[PDB]
$ cat my_file-v3.pdb   # PDB, C-alpha atoms
ATOM      1  CA  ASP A   1      20.271 -11.757  16.944  1.00  0.00           C
ATOM      2  CA  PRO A   2      19.742 -10.687  20.562  1.00  0.00           C
ATOM      3  CA  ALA A   3      17.209  -8.102  21.671  1.00  0.00           C
ATOM      4  CA  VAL A   4      16.456  -8.637  25.341  1.00  0.00           C
ATOM      5  CA  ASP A   5      17.484  -5.119  26.286  1.00  0.00           C
ATOM      6  CA  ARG A   6      14.645  -3.911  24.092  1.00  0.00           C
ATOM      7  CA  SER A   7      12.238  -5.669  26.424  1.00  0.00           C
ATOM      8  CA  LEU A   8      13.645  -3.693  29.330  1.00  0.00           C
ATOM      9  CA  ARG A   9      12.924  -0.662  27.182  1.00  0.00           C
ATOM     10  CA  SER A  10       9.146  -0.610  26.948  1.00  0.00           C
ATOM     11  CA  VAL A  11       6.323   0.246  29.320  1.00  0.00           C
ATOM     12  CA  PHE A  12       2.823  -1.088  28.775  1.00  0.00           C
ATOM     13  CA  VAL A  13       0.073   1.494  29.085  1.00  0.00           C
ATOM     14  CA  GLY A  14      -3.582   0.629  29.551  1.00  0.00           C
ATOM     15  CA  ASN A  15      -6.864   2.031  30.809  1.00  0.00           C
ATOM     16  CA  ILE A  16      -6.388   4.640  28.107  1.00  0.00           C
ATOM     17  CA  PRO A  17      -9.718   5.805  26.669  1.00  0.00           C
ATOM     18  CA  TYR A  18     -10.319   7.265  23.229  1.00  0.00           C
ATOM     19  CA  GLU A  19      -9.699  10.656  24.791  1.00  0.00           C
ATOM     20  CA  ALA A  20      -6.112   9.765  25.607  1.00  0.00           C
ATOM     21  CA  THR A  21      -4.220   9.410  22.349  1.00  0.00           C
ATOM     22  CA  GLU A  22      -0.523   8.827  21.783  1.00  0.00           C
ATOM     23  CA  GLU A  23      -0.221  12.588  21.475  1.00  0.00           C
ATOM     24  CA  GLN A  24      -1.223  12.839  25.116  1.00  0.00           C
ATOM     25  CA  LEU A  25       0.355   9.624  26.339  1.00  0.00           C
ATOM     26  CA  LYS A  26       3.650  10.605  24.755  1.00  0.00           C
ATOM     27  CA  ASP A  27       3.224  14.045  26.273  1.00  0.00           C
ATOM     28  CA  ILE A  28       2.666  12.453  29.661  1.00  0.00           C
ATOM     29  CA  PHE A  29       5.646  10.156  29.256  1.00  0.00           C
ATOM     30  CA  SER A  30       7.633  13.078  27.900  1.00  0.00           C
ATOM     31  CA  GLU A  31       7.429  14.621  31.350  1.00  0.00           C
ATOM     32  CA  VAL A  32       9.329  11.559  32.507  1.00  0.00           C
ATOM     33  CA  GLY A  33      11.890  11.930  29.746  1.00  0.00           C
ATOM     34  CA  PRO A  34      12.296  11.586  25.973  1.00  0.00           C
ATOM     35  CA  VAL A  35      10.271   8.694  24.608  1.00  0.00           C
ATOM     36  CA  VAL A  36      11.938   6.881  21.734  1.00  0.00           C
ATOM     37  CA  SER A  37       8.654   5.658  20.304  1.00  0.00           C
ATOM     38  CA  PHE A  38       5.132   4.719  21.321  1.00  0.00           C
ATOM     39  CA  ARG A  39       2.838   2.265  19.576  1.00  0.00           C
ATOM     40  CA  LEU A  40      -0.534   0.971  20.707  1.00  0.00           C
ATOM     41  CA  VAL A  41      -2.924  -1.700  19.493  1.00  0.00           C
ATOM     42  CA  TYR A  42      -5.302  -0.433  16.835  1.00  0.00           C
ATOM     43  CA  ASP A  43      -8.013  -2.597  15.320  1.00  0.00           C
ATOM     44  CA  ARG A  44      -7.735  -2.023  11.589  1.00  0.00           C
ATOM     45  CA  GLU A  45     -10.842  -4.109  11.021  1.00  0.00           C
ATOM     46  CA  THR A  46     -12.776  -1.919  13.427  1.00  0.00           C
ATOM     47  CA  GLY A  47     -10.649   1.140  12.762  1.00  0.00           C
ATOM     48  CA  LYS A  48     -10.964   1.628  16.502  1.00  0.00           C
ATOM     49  CA  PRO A  49      -8.184   1.730  19.106  1.00  0.00           C
ATOM     50  CA  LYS A  50      -8.001  -1.194  21.502  1.00  0.00           C
ATOM     51  CA  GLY A  51      -7.241   1.010  24.484  1.00  0.00           C
ATOM     52  CA  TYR A  52      -3.811  -0.264  25.456  1.00  0.00           C
ATOM     53  CA  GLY A  53      -0.345   0.058  23.972  1.00  0.00           C
ATOM     54  CA  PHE A  54       3.377   0.062  24.663  1.00  0.00           C
ATOM     55  CA  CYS A  55       5.876   2.898  24.851  1.00  0.00           C
ATOM     56  CA  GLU A  56       9.534   2.176  24.198  1.00  0.00           C
ATOM     57  CA  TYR A  57      12.052   4.534  25.755  1.00  0.00           C
ATOM     58  CA  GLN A  58      15.755   5.037  25.155  1.00  0.00           C
ATOM     59  CA  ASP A  59      16.839   4.347  28.715  1.00  0.00           C
ATOM     60  CA  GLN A  60      15.671   1.637  31.085  1.00  0.00           C
ATOM     61  CA  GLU A  61      15.793   4.147  33.915  1.00  0.00           C
ATOM     62  CA  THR A  62      13.602   6.477  31.891  1.00  0.00           C
ATOM     63  CA  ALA A  63      11.046   3.758  31.259  1.00  0.00           C
ATOM     64  CA  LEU A  64      11.264   2.681  34.881  1.00  0.00           C
ATOM     65  CA  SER A  65      10.940   6.270  36.037  1.00  0.00           C
ATOM     66  CA  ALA A  66       7.895   6.671  33.826  1.00  0.00           C
ATOM     67  CA  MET A  67       6.416   3.525  35.324  1.00  0.00           C
ATOM     68  CA  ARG A  68       6.884   4.760  38.870  1.00  0.00           C
ATOM     69  CA  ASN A  69       6.089   8.293  37.773  1.00  0.00           C
ATOM     70  CA  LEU A  70       2.836   7.156  36.209  1.00  0.00           C
ATOM     71  CA  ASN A  71       1.691   3.651  37.067  1.00  0.00           C
ATOM     72  CA  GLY A  72      -2.014   4.290  37.503  1.00  0.00           C
ATOM     73  CA  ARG A  73      -1.524   8.018  37.072  1.00  0.00           C
ATOM     74  CA  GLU A  74      -4.818   9.882  36.996  1.00  0.00           C
ATOM     75  CA  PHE A  75      -5.422  11.653  33.706  1.00  0.00           C
ATOM     76  CA  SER A  76      -7.856   9.623  31.638  1.00  0.00           C
ATOM     77  CA  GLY A  77     -10.473  10.268  34.296  1.00  0.00           C
ATOM     78  CA  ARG A  78      -9.463   6.992  35.900  1.00  0.00           C
ATOM     79  CA  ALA A  79      -5.757   6.226  35.830  1.00  0.00           C
ATOM     80  CA  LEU A  80      -3.006   5.432  33.355  1.00  0.00           C
ATOM     81  CA  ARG A  81      -1.977   1.887  34.191  1.00  0.00           C
ATOM     82  CA  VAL A  82       1.721   1.557  33.458  1.00  0.00           C
ATOM     83  CA  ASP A  83       3.566  -1.726  33.832  1.00  0.00           C
ATOM     84  CA  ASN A  84       6.916  -2.946  32.560  1.00  0.00           C
ATOM     85  CA  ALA A  85       6.528  -4.320  29.055  1.00  0.00           C
ATOM     86  CA  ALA A  86       8.833  -7.095  30.199  1.00  0.00           C
ATOM     87  CA  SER A  87       6.047  -8.327  32.445  1.00  0.00           C
ATOM     88  CA  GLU A  88       4.995 -11.962  32.369  1.00  0.00           C
ATOM     89  CA  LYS A  89       1.397 -10.870  31.939  1.00  0.00           C
ATOM     90  CA  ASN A  90       2.377  -8.077  29.580  1.00  0.00           C
ATOM     91  CA  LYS A  91       4.143 -10.725  27.532  1.00  0.00           C
ATOM     92  CA  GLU A  92       0.736 -12.066  26.573  1.00  0.00           C
ATOM     93  CA  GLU A  93      -0.294  -8.682  25.229  1.00  0.00           C
ATOM     94  CA  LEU A  94       3.026  -8.123  23.501  1.00  0.00           C
ATOM     95  CA  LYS A  95       2.579 -11.537  21.927  1.00  0.00           C
ATOM     96  CA  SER A  96       0.081  -9.702  19.755  1.00  0.00           C
ATOM     97  CA  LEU A  97       2.289  -6.675  19.216  1.00  0.00           C
ATOM     98  CA  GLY A  98       5.057  -9.124  18.397  1.00  0.00           C
ATOM     99  CA  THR A  99       5.252  -8.124  14.751  1.00  0.00           C
ATOM    100  CA  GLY A 100       8.894  -7.110  14.557  1.00  0.00           C
ATOM    101  CA  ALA A 101       9.648  -4.024  12.501  1.00  0.00           C
ATOM    102  CA  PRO A 102      12.617  -1.694  11.973  1.00  0.00           C
ATOM    103  CA  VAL A 103      11.491   1.035  14.341  1.00  0.00           C
ATOM    104  CA  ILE A 104      13.767   3.301  16.345  1.00  0.00           C
TER     105      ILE A 104
END
$ encode --input "my_file-v3.pdb" --output "structure tokens"
Amino acid sequence: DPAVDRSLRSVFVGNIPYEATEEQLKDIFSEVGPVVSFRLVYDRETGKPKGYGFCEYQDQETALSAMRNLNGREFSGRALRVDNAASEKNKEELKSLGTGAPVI
């Protein structure tokens, strides 16, 4: 079963402190359009959030727009690093988020 388009539909977000939760990230991305879903890396063993995650949109343009709209967008007191989830370097991070679940 294919699923390459999905890759084009996901923007990696980093440099997000504990003050910037999905509630805010999604809100930020919301300003760039409707975000299908947004999941980040959360250490269950440490019950603490890693700091980075990925947001999957419904339209490539929307995700791309969010990337260019954000991409190091000041908000977390530093900048919200946003890079295509289909990045070669982002692939390494996704490799961890590569669980595969029925999520819309």
$ resolve_selection --input "my_file-v3.pdb" --expression "the PyMOL selection byres ((chain A and resi 51) around 8)" --output "ChimeraX atom specification"
/A:14-18,40-41,49-50,52-53
$ closest_residue --input "my_file-v3.pdb" --among "A:70, A:97, A:28, A:86" --to "residue 3 of chain A" --atoms "all atoms listed in the file"
A:86
$ closest_residue --input "my_file-v3.pdb" --among "A:95, A:48, A:26, A:81" --to "residue 67 of chain A" --atoms "only C-alpha atoms"
A:81
$ resolve_selection --input "my_file-v3.pdb" --expression "the PyMOL selection byres ((chain A and resi 103) around 10)" --output "number ranges by chain"
A: 36-37, 100-102, 104
$ resolve_selection --input "my_file-v3.pdb" --expression "the PyMOL selection byres ((chain A and resi 29) around 10)" --output "short mmCIF file (atom, residue, chain, number, x, y, z; two decimals) with C-alpha atoms, in the coordinates of the input"
data_model
loop_
_atom_site.label_atom_id
_atom_site.label_comp_id
_atom_site.auth_asym_id
_atom_site.auth_seq_id
_atom_site.Cartn_x
_atom_site.Cartn_y
_atom_site.Cartn_z
CA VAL A 11 6.32 0.25 29.32
CA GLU A 22 -0.52 8.83 21.78
CA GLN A 24 -1.22 12.84 25.12
CA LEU A 25 0.36 9.62 26.34
CA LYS A 26 3.65 10.60 24.76
CA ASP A 27 3.22 14.04 26.27
CA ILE A 28 2.67 12.45 29.66
CA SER A 30 7.63 13.08 27.90
CA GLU A 31 7.43 14.62 31.35
CA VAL A 32 9.33 11.56 32.51
CA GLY A 33 11.89 11.93 29.75
CA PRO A 34 12.30 11.59 25.97
CA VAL A 35 10.27 8.69 24.61
CA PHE A 38 5.13 4.72 21.32
CA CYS A 55 5.88 2.90 24.85
CA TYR A 57 12.05 4.53 25.76
CA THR A 62 13.60 6.48 31.89
CA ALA A 63 11.05 3.76 31.26
CA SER A 65 10.94 6.27 36.04
CA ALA A 66 7.90 6.67 33.83
CA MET A 67 6.42 3.52 35.32
CA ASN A 69 6.09 8.29 37.77
CA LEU A 70 2.84 7.16 36.21
#
$ atom_distance --input "my_file-v3.pdb" --atom1 "atom CA of residue 72 of chain A" --atom2 "atom CA of residue 7 of chain A"
20.6 Å
$ atom_distance --input "my_file-v3.pdb" --atom1 "atom CA of residue 6 of chain A" --atom2 "atom CA of residue 96 of chain A"
16.3 Å
$ atom_distance --input "my_file-v3.pdb" --atom1 "atom CA of residue 60 of chain A" --atom2 "atom CA of residue 10 of chain A"
8.0 Å
$ closest_residue --input "my_file-v3.pdb" --among "A:56, A:20, A:4, A:39" --to "residue 84 of chain A" --atoms "only C-alpha atoms"
A:56
$ closest_residue --input "my_file-v3.pdb" --among "A:61, A:21, A:9, A:91" --to "residue 75 of chain A" --atoms "only C-alpha atoms"
A:21
